[PDB]
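Asks: Experimental structure and sequence below.
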Amino acid sequence: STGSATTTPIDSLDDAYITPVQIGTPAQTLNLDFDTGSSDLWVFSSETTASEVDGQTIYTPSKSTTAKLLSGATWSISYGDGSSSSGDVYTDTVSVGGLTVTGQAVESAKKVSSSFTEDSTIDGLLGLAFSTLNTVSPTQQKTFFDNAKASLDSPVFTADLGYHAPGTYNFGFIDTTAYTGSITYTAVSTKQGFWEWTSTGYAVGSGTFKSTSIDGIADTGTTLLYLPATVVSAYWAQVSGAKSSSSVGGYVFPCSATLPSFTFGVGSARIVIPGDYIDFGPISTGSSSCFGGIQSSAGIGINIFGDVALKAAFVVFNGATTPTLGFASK
């Protein structure tokens, strides 16, 4: 089997991407944030504290003839950005772009943090990291991909995120029309439960490539590109007036600037992030200070190849017995 679904930016800045997901019988369609940095499929629901729901579409398990309470199971997750959610668990039928999993754990939120409430466009998350990170207790549950894998034509999914435009998540096949050149594959460590890999270096604009190993994670659920302070300083030094602002929370730059591209290495291959992908707009409405899309990972504890990087590539998440990651230009 295969599946193919369009993923759409939630706003004009590509702050996140939402993908429609069918849950239950009859289908209830929710728009979920596909997150290769976590491993829980959780949704706003009829059980979510009413004051914490503000415009989201909810899953109502009582209206699904295939929903079953997973007795005794609870979940609770905290994300790198400080947001969180928790609740109980149902199993139900879940379909993405025509690919159906029966008995998928659907984690129903009883509580969500303010950031989730305040984002009316995101009805929940669909985790695509390794199932070892799943938070359900006392019996850990499998991701949608893990459940689907054996049925797929090939045990892969691909992320093709758009810049200020829709893109695609495919399951079970590689669309050879969706990228240019070849796909370069690189090793993955699953030791921390992430799609963790090592970039071979970087360049800023038309500058020379610096060969250096950068361990990080391919994370569709993180907006920005978080890299070591040395790398990030080298980038922003090429933008007149750019500075790190403790009050704002990262590098800012004059909105009048033209940003240089940023290249990262995948083996001997190179992925070029155009400068415009690195512009996250005014820090506050009407400001002429703009927020940068490349930020320091110092004090995160891990480098993160988030959407800024991934949207410059066609990305293969290869879930073979020994997982790997593939990147192509597009």
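Replies: Looks like it arrived, so ask away. Numbers count the residues shown, from 1 in each chain.
Asks: Only C-alpha atoms from now on, for both contacts and neighbour counts.
Replies: Will do.
Asks: quick check: domain ranges of this structure?
Replies: Domain ranges of the chain: 5-174, 175-330, per curated CATH domains.
Asks: Make JSON lines out of those and add mean neighbour count.
Replies: Listed next are the domains of the chain as JSON lines, based on neighbours: other CA atoms under 10 Å:
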{"stretch": "domain 5-174", "mean neighbour count": "20"}
{"stretch": "domain 175-330", "mean neighbour count": "18"}
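Asks: Give me the distance between the longest helix along the chain and the centre of its chain.
Replies: Looking across the chain with DSSP state H, the single longest helix is helix 229-236. Centroid separation for helix 229-236 versus its chain: 23 Å, with CA atoms, centre = their mean, to the nearest Å.
Asks: what's the answer for stretch 134-142, then?
Replies: 20 Å.
Asks: Then stretch 84-94?
Replies: 19 Å.
Asks: ditto for stretch 72-81
Replies: With CA atoms, centre = their mean, you get 17 Å for stretch 72-81.
Asks: and what of stretch 119-132?
Replies: 8 Å.
Asks: so how far is the first residue of that stretch from its last?
Replies: Stretch 119-132 has an end-to-end distance of 28 Å (CA to CA, to the nearest Å).
Asks: For it, give me every contacting residue.
Replies: 10, 18, 30-44, 54-58, 116, 140-146, 190, 193-195 (CA atoms under 8 Å, 6 or more residues apart in numbering).
Asks: What segments of the stretch 51-200 of the chain are strands?
Replies: 68-78, 84-96, 99-112, 124-127, 156-160, 167-171, 184-187, 196-204 (DSSP state E, counting those that start in this stretch).
Asks: Go through the ones you listed and name the closest to residue 22.
Replies: Between residue 22 and the strands of the stretch 51-200 of the chain, the shortest gap by CA to CA is with strand 84-96, which sits at 5.0 Å.
Asks: wait, residue 137 sits on residue 74?
Replies: Yes. Residue 137 is within contact range of residue 74, at 5.5 Å (criterion: CA atoms under 8 Å).
Asks: Quick check: residue 41 vs residue 104, distance?
Replies: 9 Å.
Asks: Next, show the common contact partners of these two.
Replies: By CA under 8 Å, 6+ apart, the residues touching both residue 41 and residue 104 are 143, 144.
Asks: For residue 67, which residues are in contact?
Replies: 24, 25, 61, 90, 91, 92, 93.
Asks: Taking the residues you listed, tell me the two that lie furthest apart.
Replies: Farthest pair in those (CA to CA) is 25 and 90. Separation: 13.2 Å.
Asks: quick one, what contacts residue 159?
Replies: Taking CA under 8 Å, 6+ apart, one finds 168, 169, 170, 310, 314, 315, 316, 317 in contact with residue 159.
Asks: ok so, going back, pipe the strands of the stretch 51-200 of the chain into CSV and attach distance to residue 252 per row.
Replies: Formatted as CSV, those follow (distance: least, CA to CA, whole Å):
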stretch, distance to residue 252
strand 68-78, 27
strand 84-96, 27
strand 99-112, 30
strand 124-127, 29
strand 156-160, 28
strand 167-171, 28
strand 184-187, 32
strand 196-204, 17
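Asks: Just give the nearest non-adjacent residue to residue 330, would you?
Replies: residue 179 (4.2 Å; CA to CA, 6 or more residues apart in numbering).
Asks: Hmm, residue 312 and that neighbour touching each other?
Replies: No. Counting by CA under 8 Å, residue 179 does not reach residue 312; the two are 10.6 Å apart.
Asks: Find residues that contact each of the two.
Replies: Joint contacts of residue 179 and residue 312 (CA under 8 Å, 6+ apart) are 329, 330.
Asks: Quick check: the gap between residue 122 and residue 224.
Replies: 18 Å.
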